[PDB]
Each structure stands twice: as structure tokens, then as C-alpha cells.
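Only one structure is covered here, and it is reproduced in the block below.
In what follows, residues are counted from 1 in the order of the sequence shown. Side chains included, hydrogens not; waters and symmetry mates left out as well; all remaining heavy atoms used. Ligands are counted one by one from 1 in listed order, and the atoms in each one are counted from 1 as well.
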Amino acid sequence: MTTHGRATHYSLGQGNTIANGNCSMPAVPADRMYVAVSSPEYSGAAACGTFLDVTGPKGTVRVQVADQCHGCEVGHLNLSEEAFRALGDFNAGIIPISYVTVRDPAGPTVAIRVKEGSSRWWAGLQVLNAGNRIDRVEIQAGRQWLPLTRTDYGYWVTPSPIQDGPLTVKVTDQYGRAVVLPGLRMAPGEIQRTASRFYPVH
Ligand SMILES: OC[C@H]1O[C@@H](O[C@H]2[C@H](O)[C@@H](O)[C@H](O[C@H]3[C@H](O)[C@@H](O)[C@H](O[C@H]4[C@H](O)[C@@H](O)[C@H](O[C@H]5[C@H](O)[C@@H](O)[C@H](O[C@H]6[C@H](O)[C@@H](O)[C@H](O)O[C@@H]6CO)O[C@@H]5CO)O[C@@H]4CO)O[C@@H]3CO)O[C@@H]2CO)[C@H](O)[C@@H](O)[C@@H]1O
């Protein structure tokens, strides 16, 4: 649904290659089109990875939800400086906006990043390029599926130890669509590409 609100500007800088913004992006977007949302809209990092089409005075740009703006109220987006300048005048400081969460945006294949410090005793998984909100991330334990806990920093963590060897991970989005990612390695910090998609390329 269309949310009507306002926008201020801030920056995540050049960032690092580990964690950028509250969603813990592996990198600050090269196009510098990102946004921090209010705490209720952040929804415990459930909005991480999703994209917003934000309509401003000078048009409409697409930005990736990347961070949590604790000081922002509902409807108040904290845009990147580049996204702000493209929508309105930078000297204005505040601009009137309206935005929607993009449903199934065109993007690359799903990628999984195992967090630093992850072992068989404890592991954190980050799902990338899913396109939409993710409701469920599970690791295969024998013939059953061990559900992971959604953290408020963009990762999914194990509530209990997992088996050794390659990981078989099932990810389910907000639309009930699920993909299974076999052969995932316990490699902390690495972005593991896949050939899986929640929706086809057209
Ligand atoms: O990006 C901007 C935002 O940043 C947020 O801050 C984040 C931060 O970026 C992020 O890095 C951080 O992530 C940390 C997790 O929160 C934390 O839980 C995690 O701790 C792990 C640890 O990495 C892991 O090594 C450890 O494994 C233990 C295991 O627990 C223990 O059971 C096991 O013991 C077994 C023995 O090894 C075994 O011999 C014996 O037989 O059995 C034992 C068990 O019975 O030992 C292993 C180690 O070998 O587990 C812990 C968790 O329990 O570390 C992460 C970092 O690496 O999270 C931050 C958020 O909380 C800001 O908060 C936000 O404001 C910014 O916007």
C-alpha cells in the first residue's frame, strides 16, 4: 500500500565489506541508492533487502532498505544523500514523499552469506537478492528442518547446533514461495552465489 510521508538525508559512507547499515549489508550499494526506515517499518529487520519506489518532488527513484532510523516516525524515510538529491533539493533538508514496497523487483540470483564466527555450535545466515520479505529460513537437520531465528541485524541464527558437512538451506519468502539451497559451505564472510530465484526472469 502507498505510504505518504517525508524524507531527510544521511550517509553510510563508503563502508566496509562486512556490515553496512542495520541490515548488515555486505557492501554499501555502488549506485548509493539506499534508505533507513522507521522502527515499526523496520519490523525487526524483516524489511531488509527489500526495495522502495520513493516518489519525490523531482520524480521517483528506487532505493534498497538498508538501515533502521530509530529517530524516524512512520512515513519518515532517511534517504541516502544521493537519493535525496535526485528526489529534491539538498538544501531543503526535508521533502514530501510517497512510497511503495516493490513487489518482486528484477534482480540477480539468490546469494547466501555465512556470518563471521559461525561454526557448527552457532551460525548466522544472510539471504541476499531474494527480492521480497523472508518469513522462514531453515537448515536441514537429518530429515527435518531446523528453523533459524531472525535477528534485528539482517541475519538468521541457529538456536541449536547443526550437523557437519555441506548445508542444505530452505528459504521461504513472504509469498509462500520457497527455494532449497544445497551444498552451502560453512565459510564465514563469503558470499556464496546460487542459481536459484524466487521468481523467473522476464
Ligand atoms: O551493521 C550495523 C549494525 O551493527 C550491529 O551490531 C551487530 C554486529 O555488526 C554483528 O557483528 C554482531 O554479530 C555477533 C552476534 O550478535 C553474536 O551472537 C555472535 O556471537 C557468536 C560467536 O560469533 C560464535 O563464535 C559463538 O560460537 C560459540 C558457541 O556459542 C558456543 O556454544 C561454543 O561452545 C562449544 C564449544 O566450542 C565446544 O567445544 C563444546 O563441546 O560445546 C560448546 C557448547 O556447549 O563455542 C562457539 C565458539 O567456538 O557463538 C556466539 C553466539 O552465541 O558474534 C557475532 C559477531 O561475530 O551483532 C551485532 C548486533 O547484536 C549494531 O547492533 C547495530 O546498531 C548496527 O546498526
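The protein atom (non-hydrogen) at minimum distance from atom 8 (C) of ligand 1 is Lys115 NZ, 4.8 Å. Ranking protein heavy atoms by distance to atom 9 (O) of ligand 1, first place goes to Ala19 CB, 4.3 Å. The protein heavy-atom contact nearest to atom 33 (C) of ligand 1 is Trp121 CB, 3.8 Å. Here the protein heavy atom with the shortest distance to atom 53 (O) of ligand 1 is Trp122 CD1, 3.8 Å. Nearest protein neighbour of atom 16 (O) of ligand 1, counting heavy atoms only, is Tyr153 OH, 3.8 Å. With hydrogens left out, the protein atom closest to atom 4 (O) of ligand 1 is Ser24 OG, 4.8 Å, a heavy atom. Looking from atom 2 (C) of ligand 1 to the surrounding protein, the closest heavy atom is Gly21 O, 3.1 Å. Distance from atom 25 (O) of ligand 1 to its nearest protein heavy atom, with residue and atom name: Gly117 O, 2.9 Å.
In the hydrophobic clustering of ILVMFWY residues, with side-chain heavy atoms under 4.5 Å counting as a link, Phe51 and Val127 come out apart. Cluster membership check: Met33 does not share its hydrophobic cluster with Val28, using side-chain heavy-atom separations under 4.5 Å among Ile, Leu, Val, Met, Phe, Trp and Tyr.
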Give the C-alpha distance, both sets of side-chain angles, the deciding distance and a yes or no for side-chain contact (heavy atoms from CB on, under 4.5 Å) between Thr168 and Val180.
CA-CA 7 Å; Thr168 299; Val180 175; 3.9 Å; yes
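Counting protein heavy atoms under 4.0 angstrom from atom 63 (O) of ligand 1 gives zero. For atom 11 (O) of ligand 1, a protein heavy-atom neighbour is present inside the 4.0 Å cut-off. There is a protein heavy atom less than 4.0 angstrom from atom 60 (C) of ligand 1. Within a 4.0 Å radius of atom 23 (O) of ligand 1, the protein has at least one heavy atom. Protein non-hydrogen atoms do not reach within 4.0 Å of atom 48 (C) of ligand 1.
Atom NE2 of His76 and atom OG of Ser38 lie 9.5 Å apart (nearest 0.5 Å).
At a 4.0 Å cut-off, not a single heavy atom of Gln68 sits close enough to ligand 1 to count as contact.
The environment of CZ in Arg197 is crowded: more than 12 heavy-atom neighbours from other residues, nucleotides or ligands sit within 6.0 Å.
Taking all atoms of both residues into account, the shortest heavy-atom contact from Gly124 to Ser118 is N-OG, 3.0 Å.
Residues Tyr155 and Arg113 bring a donor and an acceptor atom of their side chains to less than 3.5 Å of each other. For the residue pair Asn22/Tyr42, the side-chain donor-acceptor check at 3.5 Å is satisfied.
The distance from ligand 1 to the heavy atoms of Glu116 drops below 4.0 Å at these ligand atoms: 57 (O).
With salt bridges taken as basic N to acidic carboxylate O contacts below 4.0 Å, none links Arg103 and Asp53.
Figure legend: cation-pi geometry between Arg85 and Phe90, with NZ or CZ positioned under 6.0 Å from the six-membered ring centre and within 45° of its axis.
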